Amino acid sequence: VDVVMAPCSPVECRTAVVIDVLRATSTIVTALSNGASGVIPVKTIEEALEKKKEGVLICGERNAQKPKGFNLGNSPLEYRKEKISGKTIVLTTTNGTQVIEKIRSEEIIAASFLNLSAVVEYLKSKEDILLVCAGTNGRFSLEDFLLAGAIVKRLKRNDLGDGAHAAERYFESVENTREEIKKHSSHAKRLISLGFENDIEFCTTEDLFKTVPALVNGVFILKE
């Protein structure tokens, strides 16, 4: 098991876990956990808007804010059952598909603090696992790294790559995940500065959900 932060070239493993805590994977998990039919990650706003149709919502962000003409932004709190149940979500975030496209594997699942325990349980039986942290605009993402460390610690493996080892050690130094992220994540700060502090609290809520999204044919859906 190993951890990579904002990989540049294709990464290859049997089971890949994409992590983008401050919102992308938190949004994906939330949307599916609240009834959405699927979440389609898309690179550009053009491609996003191009897929508009009934029962399909154009969602995402640019500068962390909902683009013009979009139905929803990238705040997990917007994805309530009453608004997305049985609907398909097209999701575009800054470099969202970019991290996903550099993954060569037999399966790609989405992990967040929201479904931490469920992801851990799904991975316990898996061999050759790569936790892929999206990072932020090419920079290190503390919250992604923190979740990776929490996952690694709970897998109780001794076969750990450099990234997994550092993430686990880092995780062991944390007394309060939520506070750690509020005080040291530059992206958390940006989100708070734009008025999304509630998202930080929601996204750092552990096991609110018990689902495990998997990318199947370009679409994140729920697996048994």
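Heads up: residue numbers just count along the shown sequence, starting at 1.
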message = So, looking at the entry's B-factor column for Cα atoms, which has the higher mean, 64-72 or 161-169?
response = 64-72
query = For the stretches 83-91 and 147-155, which has the higher mean C-alpha B-factor as given in the deposited record?
reply = 83-91
request  = Name the one of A188, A31, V174, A48 with the greatest CA B-factor according to the PDB entry.
outcome  = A48
inquiry  = Among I109, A118, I100, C133, where is the Cα B factor highest in this entry?
reply    = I100
key: Where the record places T25 (Cα B-factor, split into thirds across the chain)   = lowest
remark   = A214: C-alpha B-factor third of its chain, per the entry, is the middle
message = Splitting the chain's C-alpha B-factors into thirds, which one does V56 fall into?
response = highest
message = What third of the chain does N137 rank in for C-alpha temperature factor, lowest, middle or highest?
response = middle
request  = Can you work out whether the C-alpha temperature factor of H184 puts it in the lowest, middle or highest third of the chain?
outcome  = lowest
